[PDB]
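Just below is one structure, and these are the notes that go with it.
Side chains included, hydrogens not; waters and symmetry mates left out as well; all remaining heavy atoms used. Order of listing sets the numbers, starting from 1, for every ligand and every atom in it. Chain naming here is simple, since letters A, B, ... match the order of the sequence lines and numbering starts at 1 in each.
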Amino acid sequence: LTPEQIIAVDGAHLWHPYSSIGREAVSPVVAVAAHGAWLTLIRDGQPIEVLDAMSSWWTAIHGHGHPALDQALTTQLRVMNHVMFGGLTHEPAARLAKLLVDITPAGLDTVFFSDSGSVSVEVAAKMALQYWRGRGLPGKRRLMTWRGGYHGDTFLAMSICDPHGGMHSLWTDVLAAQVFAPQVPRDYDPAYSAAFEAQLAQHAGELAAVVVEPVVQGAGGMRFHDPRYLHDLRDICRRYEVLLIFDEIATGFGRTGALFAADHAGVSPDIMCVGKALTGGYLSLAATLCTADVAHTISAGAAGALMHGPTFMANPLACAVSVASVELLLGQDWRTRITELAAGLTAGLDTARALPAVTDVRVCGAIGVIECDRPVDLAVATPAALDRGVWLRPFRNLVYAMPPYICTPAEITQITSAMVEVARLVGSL
Amino acid sequence: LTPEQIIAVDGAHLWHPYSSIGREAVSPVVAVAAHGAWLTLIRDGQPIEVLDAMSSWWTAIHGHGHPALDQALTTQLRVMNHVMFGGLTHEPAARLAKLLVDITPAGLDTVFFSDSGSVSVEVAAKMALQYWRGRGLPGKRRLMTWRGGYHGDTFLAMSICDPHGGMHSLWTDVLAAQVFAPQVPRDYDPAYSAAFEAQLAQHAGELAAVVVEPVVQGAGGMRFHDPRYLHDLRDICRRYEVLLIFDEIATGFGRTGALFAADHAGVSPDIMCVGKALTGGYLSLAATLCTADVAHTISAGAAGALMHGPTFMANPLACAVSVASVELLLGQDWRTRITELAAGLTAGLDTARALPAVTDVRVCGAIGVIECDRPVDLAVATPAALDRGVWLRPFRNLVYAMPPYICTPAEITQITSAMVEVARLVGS
Ligand SMILES: CCN(CC)c1ccc2cc(C(=O)c3cccs3)c(=O)oc2c1
Ligand SMILES: CCN(CC)c1ccc2cc(C(=O)c3cccs3)c(=O)oc2c1
Ligand SMILES: *Cc1c(COP(=O)(O)O)cnc(C)c1O
Ligand SMILES: *Cc1c(COP(=O)(O)O)cnc(C)c1O
Ligand SMILES: [Cl-]
């Protein structure tokens, strides 16, 4: 198909994320190639190279078509594409499980593989519910979180997403009614944690778990909070016997400047989800980890098992690339890489603070955010960034980047320059 | 890792489908290769080649490592592994969506890609709920199904799975309470459809959709029902203004002897899900299709959009291997192949009817089932079949197979022989 044929088919037949059919303000841009930090996109019938400043939605940490990850895929392809995980096991699952339990916060000793972040969140919720049932406390079935969060799009996942951002108006009484604390502030405020505890105390007997994104809330608004809150959450959860679940689907694998965002606080959750960067952005794969105690309590309960088992559970191909992606990350000085990346974002985004439409500029590891005073118009922003050789996709009032770890200092400055120019335009109407 | 090392890591750290940690009666068997219809498994520490009678849980329709599918993946890998589907589109998505709209039952014009069957089911449910909100009828939010079904493991999907199979007993107070009709029978009985309609009619004002597996109910018990039931459901849903959703995640792509099981009935659902065999068993991918009416109504609704968007939506690699898989199926006489396989299954399973513990033997396309009168002991059944060069995984009282379409007559004879032998041992 030609780019124009692809556009025709797409407009008629393809749903996009959170999109309409037939009512799109802009056609999607055709992508024809991806290599390293660069995408080849079609603009006015001509191919252009632009930087993937979004890491293709947080996924492409090593960039596209990395030889180590390509080779990992083709090597696994040559022996075994997939077998069912019911009754069989294999080397890719075992290797990845071994790696994951070694590098995640201490105590996370078992691994349940699934195909997407949303599913891994539901698995985590199931683990928590079956846990309490194994303890003779089936009343403990609700979840608690803070506002501003995002945990995926399946119906249990939605129930703990920010109610305003996810227009929960659309749903309910179909959505489960969960417990929400106020938005967690950026700066540490002991009063917030005290009120969180007081709220939790009122519901402790009906709560299976607190579920939060640690340090960075992604799709809910690219907000950062002080890691000390996570220490408070751990303590509250321990004292009130509520499980603590960290959703690290966006934050995992070095993105915030630590291997996992929990590491900024030295905190171990009872249950943890990982996903987006797990395969280096090649294939869908997620994992839910839990402690030995959680696993043994579920296993000793009425069901005798965790009642979940996706078709492609522990897919050999996905597990193989993920093994290579994690090993590639661990085999280099990733911490220095991310620190340098953050310094580049900070230096490059500084001039945005003085722009009329800009409310905040914030950086946390390989995450750079310009917060504007109005919703960013994509019909203006997207082509403006493409004119500057960068793929940017703002959402709501945010012009942001989560660049691949392989971006050079020059590439980071090109990315931040484009973000600055988009923000300048936002203040021009 | 060596097989011995794999087993050790596995026992300590790996969950399996619906399994325990530390309480497994039998270790899982180490798989080390898969080629064509055969798996290489480790038995007594030695690699042995056995037939994948289960198609690796319905997925491996063209067998493992099919040169055309390996090549499709390898070719895409050199071009573009993945890009975000927010604000971008690409050739593998467009090619696959065109194929899928062309070959599915008439009227399914739009395609929402996701990464698994359970997600595609929740997407279908979301489409139904947003559709009726768009029509100014927000009370229409419940689902109706018949018993015996399986639709996946996410919490909404669980709410329409069979209450007994799904151990809803362990879920008291957490699942949505849905509307269940009695088990749909094998043989066509107009009284069943009339009762179904009467039950639906009294709930019509609160029902968004009927959701069923068409013709074959898989993980809920490998039960077949007369296609005419689906004709009746289409009629009932039309007349009572309730959307009809077929979950073809197990039945799709030729498995029941029609390209999609809805084709047996000559009926089109408003929303359809596909998944397991979509990529030919290479990679996780699923799709939810809906009519233009559903799509336009959602898009004119209050959200102005379907409120869903998975990270890996329309992944180029998965879409590329799916295109090759679907084209491979469509470019051969698949209909004859499935007919031959069904004949092979019928002939090979016939002697099992006489066996003392066997209550039923049934075949539908490339699906063969021996139903026994008691639970099949996996500790006995599985090494028994392995002894005979076949990988089989019974569940409950069922010894069954969904072999790859590439299985030769000799291979079907071998699978069926092993199945008969497992059923014999059950009677002991
Ligand atoms: C909810 C219905 N049940 C009964 C508890 C199911 C459903 C599906 C499976 C799938 C199983 C399985 O074999 C596989 C799941 C995914 C790849 S193979 C399994 O062992 O137990 C199940 C049990
Ligand atoms: C439920 C929160 N919302 C609604 C405001 C979200 C959440 C996530 C996305 C992701 C989007 C997206 O760009 C992508 C989704 C998957 C790959 S890219 C998007 O366009 O809109 C969203 C909207
Ligand atoms: C993206 C994301 C999810 C959902 O992952 P999918 O693969 O899109 O289903 C869940 N939680 C967090 C924190 C995320 O960033
Ligand atoms: C397997 C199956 C599902 C769920 O698919 P996963 O990919 O395992 O989540 C849904 N519906 C039917 C009919 C199935 O057979
Ligand atoms: Cl019809």
- Task: Starting from atom 10 (C) of ligand 2, locate the nearest protein heavy atom and write down its residue, its atom name and how far away it is, to 0.1 Å.
- Result: A:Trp57 CZ2, 3.4 Å
- Query: Is there a donor-acceptor pair closer than 3.5 Å between any side-chain N or O of B:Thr279 and the backbone N or O of B:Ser322?
  - Reply: no
- Task: Could you tell me which atoms of ligand 1, counted from 1 in the order shown, lie closer than 4.0 angstrom to a heavy atom of A:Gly309?
- Result: 15 (C), 16 (C)
- Hey, does the side chain of A:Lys276 reach the backbone of A:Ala60 with a donor-acceptor pair shorter than 3.5 angstrom? no
- Message: Quick check against the 3.5 Å criterion: does A:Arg396 have a side-chain atom that pairs as donor or acceptor with the backbone of A:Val376?
- Response: no
- Task: Please state which part of B:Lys276 comes within less than 4.0 Å of ligand 4, counting heavy atoms only: side chain, backbone, both or neither.
- Result: side chain
- Query: Does the separation of the ring centres of B:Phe85 and B:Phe312 fall below 6.0 angstrom?
  - Reply: no
- Message: Centroid separation under 6.0 Å, is that true for the rings of B:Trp171 and B:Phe155?
- Response: yes
- Are B:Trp146 and B:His225 an aromatic pair by the rule of ring centers under 6.0 Å? yes
- Message: I need the atoms of ligand 1 closer than 4.0 Å to a non-hydrogen atom of A:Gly86, numbered in the order shown.
- Response: 13 (O), 18 (S)
- B:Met84 near ligand 2, heavy-atom distance under 4.0 Å? yes
- Using a heavy-atom cut-off of under 4.0 Å, does the side chain or the backbone of A:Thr311 touch ligand 1, or both, or neither? backbone
- Starting from atom 1 (C) of ligand 2, which protein heavy atom do you reach first, and at what distance in Å? A:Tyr18 OH, 3.3 Å
- Query: If you measure every N/O of A:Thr311 against every N/O of ligand 4, is any gap under 3.5 Å?
  - Reply: yes
- Task: Determine, considering heavy atoms only, which of B:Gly149, B:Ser56, B:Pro17 sits nearest to atom 12 (C) of ligand 1.
- Result: B:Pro17
- Item | Numbering as shown, the atoms of ligand 4 that approach B:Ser118 to under 4.0 Å (heavy-atom distance) | 4 (C), 5 (O), 6 (P), 9 (O)
- Item | A:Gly220 touching ligand 2 at heavy-atom level, < 4.0 angstrom | no
- Query: When you look for heavy atoms under 4.0 Å from ligand 2, do you find them on the side chain of A:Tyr150, its backbone, both, or neither?
  - Reply: side chain
- Task: Answer yes if the side chains of A:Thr59 and B:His82 hold a donor-acceptor pair under 3.5 Å, and no otherwise.
- Result: no
- Message: Just by distance, no angles: are the side chains of A:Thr89 and B:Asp10 close enough, under 3.5 Å, to form a donor-acceptor pair?
- Response: yes
- Tell me which part of B:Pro310 gets within contact of ligand 2: side chain, backbone, both or neither, using heavy atoms under 4.0 Å. backbone
- Are any of the N or O atoms of B:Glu213 closer than 3.5 Å to those of ligand 4? no
- Query: At what distance is the nearest protein heavy atom to atom 5 (C) of ligand 1, and which residue and atom is it?
  - Reply: B:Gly165 O, 3.5 Å
- Message: Does ligand 4 come near enough to A:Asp115 that some N or O of the ligand is less than 3.5 Å from an N or O of the residue?
- Response: no
- Would you mind listing which atoms of ligand 4 come within a distance below 4.0 Å of any non-hydrogen atom of B:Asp247? 10 (C), 11 (N), 12 (C), 13 (C)
- Query: Counting distance only, does the side-chain N/O of B:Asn315 pair as donor-acceptor with the main-chain N or O of A:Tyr282 below 3.5 Å?
  - Reply: yes
- Task: Could you pull out, from B:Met307, A:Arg393, A:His16, the option with a heavy atom nearest to atom 20 (O) of ligand 2?
- Result: A:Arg393
- Heavy atom of B:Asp153, distance to ligand 4 below 4.0 Å: no
- Task: Please answer whether the main-chain N or O of B:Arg147 pairs with a side-chain N or O of B:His164 as donor and acceptor at a distance below 3.5 Å.
- Result: no
- Query: Is it true that a side-chain atom of A:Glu213 and a backbone atom of A:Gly218 form a donor plus acceptor pair closer than 3.5 Å?
  - Reply: yes
- Just need the protein heavy atom nearest to atom 3 (C) of ligand 4, so name the residue and atom and give the distance. B:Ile249 CG2, 3.8 Å
- So, does A:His168 use its side chain to make a donor-acceptor pair with the main chain of A:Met158 at under 3.5 Å? yes
- Atoms of ligand 4 under 4.0 Å from any heavy atom of B:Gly117, numbered from 1 in the order shown, are 4 (C), 5 (O), 6 (P), 7 (O), 9 (O)
- Task: Decide whether B:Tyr18 and B:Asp153 meet the rule of one side-chain donor and one side-chain acceptor closer than 3.5 Å.
- Result: yes
- What do you reckon, does A:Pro310 put a non-hydrogen atom under 4.0 Å from ligand 4? yes
